[PDB]
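Colleague: Starting off with a structure, shown below.
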Amino acid sequence: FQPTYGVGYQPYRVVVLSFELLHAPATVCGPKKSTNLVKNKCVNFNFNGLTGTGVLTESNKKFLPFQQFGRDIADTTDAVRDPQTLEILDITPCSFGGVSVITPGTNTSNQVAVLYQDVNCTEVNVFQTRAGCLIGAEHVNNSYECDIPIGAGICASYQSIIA
Amino acid sequence: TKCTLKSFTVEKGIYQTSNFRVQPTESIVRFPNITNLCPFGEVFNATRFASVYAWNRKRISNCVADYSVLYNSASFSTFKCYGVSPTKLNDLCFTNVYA
Amino acid sequence: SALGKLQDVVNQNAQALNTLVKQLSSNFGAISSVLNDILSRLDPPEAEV
Amino acid sequence: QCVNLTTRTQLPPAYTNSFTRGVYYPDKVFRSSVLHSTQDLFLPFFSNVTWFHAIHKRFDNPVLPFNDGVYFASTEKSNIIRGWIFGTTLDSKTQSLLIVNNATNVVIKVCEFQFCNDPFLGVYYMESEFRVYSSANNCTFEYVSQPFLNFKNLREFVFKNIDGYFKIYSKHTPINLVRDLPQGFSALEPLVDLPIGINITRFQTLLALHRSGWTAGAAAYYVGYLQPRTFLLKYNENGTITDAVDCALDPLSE
Ligand SMILES: *[C@@H]1O[C@H](CO)[C@@H](O[C@@H]2O[C@H](CO)[C@@H](O)[C@H](O)[C@H]2NC(C)=O)[C@H](O)[C@H]1NC(C)=O
Ligand SMILES: *[C@@H]1O[C@H](CO)[C@@H](O)[C@H](O)[C@H]1NC(C)=O
Ligand SMILES: *[C@@H]1O[C@H](CO)[C@@H](O)[C@H](O)[C@H]1NC(C)=O
Ligand SMILES: *[C@@H]1O[C@H](CO)[C@@H](O)[C@H](O)[C@H]1NC(C)=O
Ligand SMILES: *[C@@H]1O[C@H](CO)[C@@H](O)[C@H](O)[C@H]1NC(C)=O
Ligand SMILES: *[C@@H]1O[C@H](CO)[C@@H](O)[C@H](O)[C@H]1NC(C)=O
Ligand SMILES: *[C@@H]1O[C@H](CO)[C@@H](O)[C@H](O)[C@H]1NC(C)=O
Ligand SMILES: *[C@@H]1O[C@H](CO)[C@@H](O)[C@H](O)[C@H]1NC(C)=O
């Protein structure tokens, strides 16, 4: 090992790594990418191996320092602790509902209105009812007899389609 | 509605036709901080290495290992892996690593 | 217990809904009750089973 | 170094009632104001828990079978109990787990110790006597952690060894009762989830001598065994387990 040696006689430090899996809990593993956390959006969340799809909002549940997950009565994960920053997030499920079409007879008219049940109007002639978001019906302050039932005291009729 | 009721004429009323399932926008993966990293600097950047008749063996366990820094280091004249890949090394969890 | 007749109807409906959601946690003889675990752990020829 | 202690007084170990102790959190899941039924390795309510003393001349360090899980209760003052020994044969033929808390730091090791027949710690009246093992050949795991630790402290521990994972659940309770276990409810929070992956069938706790021969400081501990059963756990508005029901105790709780 003199410095004037040619390549093939020069000293080479060699490290050999041997990896093995046994009948034991495995613990050496590569780092897992932790992306930025976003809120108030319907995303596919993956918290420490717990996967799913839901809107992650800020939570008022004060967890104990050892507890990580949160379940309701029906064994669905509705709360989680972020591992990066020690904070609590609620998982509301992503917005879903039925899509119903309110129409008069096709002999009368071809105008329709669309009811998105249990859906807020900001994430779908747009009117917010307790039954859901109603698009295509003009809301009036006058009260009439129920022609087409919408629900929660709301009814639709044709005169354009009014609700 | 005409396709749902299987008719070209629709009577007056409300007819449930479909479902509005909001689609997920992004994917968020959150994991704890990378801490208790493996002592690869104690093996690789040692001041004096052993001789080959008395080769040092170091048991490695309970740590997270970044092989991507080792692969991305251009100072290594030889990097041969015979049953794994660097992406596989990042995605396989192993019980024991013997250096 | 004056209004027990309405309360029995409410309790039966809530119990039926609760049992319906509890049935999602059963694997029914499969390897797991989660579809995503089956799609991530197995090839499609056994995943279809 | 090993020393036989030959000034013991022969006495059978005692037995007493578990009351509603030995309960721990079964998982890492927050639950609020709900009742949850679990089938886990639990300690039965009002069970026969074995009682060992350290008093002066009683110095109780026998070696007990681990079974499926161990509840360890410690009515402790001045920190006589320092750690535990787990294994199958407790020699260099098999591999053994050692848990100690000396005067500085908490050490967890998995080695093939050649253990003494009577291993102990010792405090001179300063701690200057360490007789636990005579050798340690093949060490596969090391883990250094934070300090875990009239009788003034109740220290409750639950050790489980399931799927190569050794779970330590712990709780510290300020008590002021003189002799027996207090009657009350206190859920044990999980302390350490430990990746050892070894066979454990027998354990032995470690005491500390006082030198001025040797003197045993006043301490008392209790050993109970876990069996697979269901408890109905109550979770309050803060997510803390306040009450539990043993479903196989009596028909009322059933
Ligand atoms: C303390 O007592 C134990 C038990 O009597 C001793 O263990 C014995 O050690 C001898 C040494 O040759 C063996 O032949 C026996 O088979 C052992 N018996 C048991 C039950 O293990 C122990 O060695 C004693 N300690 C010291 C320092 O003498
Ligand atoms: C992880 O890093 C974050 C970065 O802000 C820091 O706030 C936190 O204290 C670190 N540790 C843990 C255990 O989360
Ligand atoms: C060794 O030294 C090199 C030279 O600067 C440095 O870049 C590297 O981070 C050190 N550690 C390892 C593990 O290579
Ligand atoms: C506890 O067990 C001992 C013998 O092992 C027995 O003498 C005692 O009566 C038992 N106590 C109860 C409450 O069963
Ligand atoms: C664990 O030890 C017990 C007693 O020493 C033995 O009967 C059993 O077979 C062992 N189990 C394993 C998996 O080695
Ligand atoms: C406690 O044990 C550790 C591990 O053997 C040791 O490093 C430390 O010096 C010990 N403390 C005392 C006071 O001897
Ligand atoms: C355990 O130690 C003995 C004696 O030191 C040695 O001969 C044996 O090879 C070791 N086994 C392992 C698995 O390290
Ligand atoms: C829950 O915590 C609050 C503090 O926010 C406390 O006032 C209340 O007493 C706790 N609940 C119980 C049952 O102790």
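For chain A, we keep the numbers from Swiss-Prot: what you see runs 497-620, 641-675, 691-694, in order.
Backbone N, Cα and C atoms are what each Cβ position is placed from, and that goes for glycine too.
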Colleague: Candidates are A:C538, A:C649, A:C662. Which one does Swiss-Prot pair with A:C590 through a disulfide bond?
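Modeller: Checking Swiss-Prot: disulfide partner of A:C590 resolves to A:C538.
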Colleague: Near A:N616 (N-linked glycosylation site), which recorded positions out of A:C538, A:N603, A:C649, A:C662, A:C671 have their CA within 10 Å?
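Modeller: Correct set: A:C649.
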Colleague: I'd like the number of other C-beta atoms within 10 A of the C-beta of A:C538 (disulfide bond), please.
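Modeller: By my count, 20.
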Colleague: Which numbers of helix, strand and coil residues does DSSP report for the region 'Disordered' (A:519-541)?
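Modeller: So the region 'Disordered' (A:519-541) is made up of 0 helix, 6 strand, 17 coil.
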Colleague: Mind telling me which of the disulfide-bonded residues A:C590, A:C617 has the densest Cβ neighbourhood, counting other Cβ atoms within 10 Å?
Modeller: A:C590
Colleague: With 8 Å as the upper Cβ-Cβ limit, not reached, which of the recorded positions A:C649, A:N657, A:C662, A:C671 neighbour chain B?
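Modeller: Listed recorded positions meeting the cut-off: none at all.
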